[PDB]
Amino acid sequence: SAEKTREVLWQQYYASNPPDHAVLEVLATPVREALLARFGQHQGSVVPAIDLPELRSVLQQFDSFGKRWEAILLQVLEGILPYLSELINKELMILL
């Protein structure tokens, strides 16, 4: 399944030393696409109470809550809009 393939990616990412960002970029690709589809045309100010739940809902489509979210979020940023960037940074502050 798609879940099994994605787990092979995570296996290779976490085993890797130093951490392999090319593998993480593959992991982040569909997540970035989904986030850009929700927020790519958003300009102006973020709305935390609305946008953060939506952002977390997207993350949950791909990966279970935890340290995977932090890696994905950081890697998504590498491939991008100040709106989505700001949203990501607010979630990262929460995940700290």
# chains A, B, ... in the order shown; residues from 1 in each chain; ligands from 1

$ residues_around --residues "region 61-74 of chain A" --least-positions-apart "3" --cutoff "6 Å" --atoms "only C-alpha atoms" --output "PyMOL selection string"
chain A and resi 28+58+77

$ select_by_dssp --residues "chain A" --states "alpha helix (DSSP H)" --output "PyMOL selection string"
chain A and resi 2-15+21-39+48-62+67-78+82-95

$ write_last_selection --atoms "C-alpha atoms" --output "JSON list (two decimals), in the first residue's frame"
[["chain", "number", "residue", "atom", "x", "y", "z"],
["A", 2, "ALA", "CA", 0.94, 3.70, -0.02],
["A", 3, "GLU", "CA", 1.43, 3.48, 3.75],
["A", 4, "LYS", "CA", 3.91, 0.60, 3.40],
["A", 5, "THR", "CA", 5.99, 2.46, 0.78],
["A", 6, "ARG", "CA", 6.06, 5.58, 2.93],
["A", 7, "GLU", "CA", 7.29, 3.48, 5.85],
["A", 8, "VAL", "CA", 10.24, 2.25, 3.72],
["A", 9, "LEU", "CA", 11.12, 5.93, 3.24],
["A", 10, "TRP", "CA", 11.04, 6.60, 6.97],
["A", 11, "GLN", "CA", 13.15, 3.47, 7.56],
["A", 12, "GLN", "CA", 15.85, 4.77, 5.25],
["A", 13, "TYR", "CA", 15.63, 8.30, 6.63],
["A", 14, "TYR", "CA", 16.09, 7.35, 10.31],
["A", 15, "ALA", "CA", 18.76, 4.73, 9.63],
["A", 21, "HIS", "CA", 17.66, 15.12, 3.21],
["A", 22, "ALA", "CA", 17.01, 13.72, -0.26],
["A", 23, "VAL", "CA", 14.99, 10.95, 1.36],
["A", 24, "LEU", "CA", 13.23, 13.47, 3.58],
["A", 25, "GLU", "CA", 12.46, 15.61, 0.50],
["A", 26, "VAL", "CA", 10.72, 12.63, -1.12],
["A", 27, "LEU", "CA", 8.72, 12.20, 2.12],
["A", 28, "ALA", "CA", 7.87, 15.91, 2.21],
["A", 29, "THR", "CA", 6.84, 16.14, -1.43],
["A", 30, "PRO", "CA", 3.15, 15.09, -1.24],
["A", 31, "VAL", "CA", 2.75, 16.99, 2.05],
["A", 32, "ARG", "CA", 4.04, 20.22, 0.55],
["A", 33, "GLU", "CA", 1.74, 19.70, -2.46],
["A", 34, "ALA", "CA", -1.28, 19.22, -0.18],
["A", 35, "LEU", "CA", -0.38, 22.26, 1.95],
["A", 36, "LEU", "CA", 0.20, 24.47, -1.09],
["A", 37, "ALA", "CA", -3.23, 23.38, -2.38],
["A", 38, "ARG", "CA", -4.80, 24.65, 0.88],
["A", 39, "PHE", "CA", -2.62, 27.71, 1.56],
["A", 48, "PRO", "CA", -4.09, 30.43, 14.08],
["A", 49, "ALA", "CA", -7.40, 29.09, 15.45],
["A", 50, "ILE", "CA", -8.53, 28.19, 11.91],
["A", 51, "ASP", "CA", -5.31, 27.47, 10.02],
["A", 52, "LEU", "CA", -3.41, 25.36, 12.55],
["A", 53, "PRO", "CA", -6.14, 22.68, 12.85],
["A", 54, "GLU", "CA", -6.28, 22.56, 9.03],
["A", 55, "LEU", "CA", -2.48, 22.27, 8.82],
["A", 56, "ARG", "CA", -2.42, 19.46, 11.41],
["A", 57, "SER", "CA", -5.23, 17.69, 9.51],
["A", 58, "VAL", "CA", -3.04, 17.65, 6.39],
["A", 59, "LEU", "CA", -0.02, 16.35, 8.35],
["A", 60, "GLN", "CA", -2.19, 13.55, 9.81],
["A", 61, "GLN", "CA", -3.14, 12.40, 6.29],
["A", 62, "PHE", "CA", 0.48, 11.25, 5.85],
["A", 67, "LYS", "CA", 8.77, 13.85, 15.63],
["A", 68, "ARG", "CA", 7.84, 12.99, 12.00],
["A", 69, "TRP", "CA", 5.72, 16.14, 11.87],
["A", 70, "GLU", "CA", 8.72, 18.29, 12.89],
["A", 71, "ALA", "CA", 10.98, 16.83, 10.19],
["A", 72, "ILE", "CA", 8.29, 17.08, 7.53],
["A", 73, "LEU", "CA", 7.43, 20.70, 8.45],
["A", 74, "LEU", "CA", 11.07, 21.79, 8.30],
["A", 75, "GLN", "CA", 11.58, 20.02, 4.97],
["A", 76, "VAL", "CA", 8.39, 21.53, 3.49],
["A", 77, "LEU", "CA", 9.81, 24.99, 4.32],
["A", 78, "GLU", "CA", 13.00, 24.19, 2.35],
["A", 82, "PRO", "CA", 5.16, 33.80, 3.76],
["A", 83, "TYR", "CA", 1.66, 32.69, 4.78],
["A", 84, "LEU", "CA", 2.42, 28.96, 4.79],
["A", 85, "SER", "CA", 5.91, 29.60, 6.11],
["A", 86, "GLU", "CA", 4.46, 31.55, 9.04],
["A", 87, "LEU", "CA", 1.86, 28.86, 9.72],
["A", 88, "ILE", "CA", 4.59, 26.24, 9.79],
["A", 89, "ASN", "CA", 6.65, 28.22, 12.21],
["A", 90, "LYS", "CA", 3.66, 28.63, 14.58],
["A", 91, "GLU", "CA", 3.09, 24.85, 14.58],
["A", 92, "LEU", "CA", 6.81, 24.21, 15.16],
["A", 93, "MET", "CA", 6.61, 26.48, 18.22],
["A", 94, "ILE", "CA", 3.75, 24.34, 19.53],
["A", 95, "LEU", "CA", 5.62, 21.08, 18.84]]

$ closest_residue --among "A:16, A:45, A:1, A:40" --to "residue 80 (chain A)" --atoms "only C-alpha atoms"
A:40

$ decode --residues "region 29-45 of chain A" --atoms "N, CA and C atoms" --output "short mmCIF file (atom, residue, chain, number, x, y, z; two decimals), in the first residue's frame"
data_model
loop_
_atom_site.label_atom_id
_atom_site.label_comp_id
_atom_site.auth_asym_id
_atom_site.auth_seq_id
_atom_site.Cartn_x
_atom_site.Cartn_y
_atom_site.Cartn_z
N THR A 29 7.39 15.71 -0.16
CA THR A 29 6.84 16.14 -1.43
C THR A 29 5.31 16.18 -1.45
N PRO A 30 4.61 15.06 -1.21
CA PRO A 30 3.15 15.09 -1.24
C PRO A 30 2.55 15.99 -0.15
N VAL A 31 3.27 16.18 0.96
CA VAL A 31 2.75 16.99 2.05
C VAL A 31 2.79 18.45 1.66
N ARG A 32 3.91 18.88 1.09
CA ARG A 32 4.04 20.22 0.55
C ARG A 32 2.96 20.48 -0.50
N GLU A 33 2.78 19.55 -1.43
CA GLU A 33 1.74 19.70 -2.46
C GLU A 33 0.36 19.91 -1.84
N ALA A 34 0.03 19.12 -0.83
CA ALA A 34 -1.28 19.22 -0.18
C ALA A 34 -1.43 20.55 0.57
N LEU A 35 -0.35 21.01 1.19
CA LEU A 35 -0.38 22.26 1.95
C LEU A 35 -0.45 23.46 1.01
N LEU A 36 0.26 23.40 -0.10
CA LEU A 36 0.20 24.47 -1.09
C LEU A 36 -1.19 24.56 -1.73
N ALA A 37 -1.87 23.42 -1.85
CA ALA A 37 -3.23 23.38 -2.38
C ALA A 37 -4.22 24.05 -1.42
N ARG A 38 -3.94 24.00 -0.12
CA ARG A 38 -4.80 24.65 0.88
C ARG A 38 -4.42 26.11 1.17
N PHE A 39 -3.13 26.44 1.07
CA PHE A 39 -2.62 27.71 1.56
C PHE A 39 -1.77 28.51 0.57
N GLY A 40 -1.53 27.96 -0.62
CA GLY A 40 -0.62 28.56 -1.58
C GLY A 40 -1.08 29.91 -2.12
N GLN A 41 -2.39 30.12 -2.16
CA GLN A 41 -2.98 31.38 -2.60
C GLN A 41 -3.43 32.27 -1.45
N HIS A 42 -3.05 31.90 -0.22
CA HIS A 42 -3.35 32.71 0.96
C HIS A 42 -2.29 33.77 1.10
N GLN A 43 -2.74 35.02 1.21
CA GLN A 43 -1.86 36.14 1.49
C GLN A 43 -2.36 36.87 2.73
N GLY A 44 -1.58 37.83 3.21
CA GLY A 44 -1.95 38.51 4.43
C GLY A 44 -1.72 37.65 5.67
N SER A 45 -2.49 37.89 6.72
CA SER A 45 -2.16 37.38 8.05
C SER A 45 -2.77 36.02 8.33
#
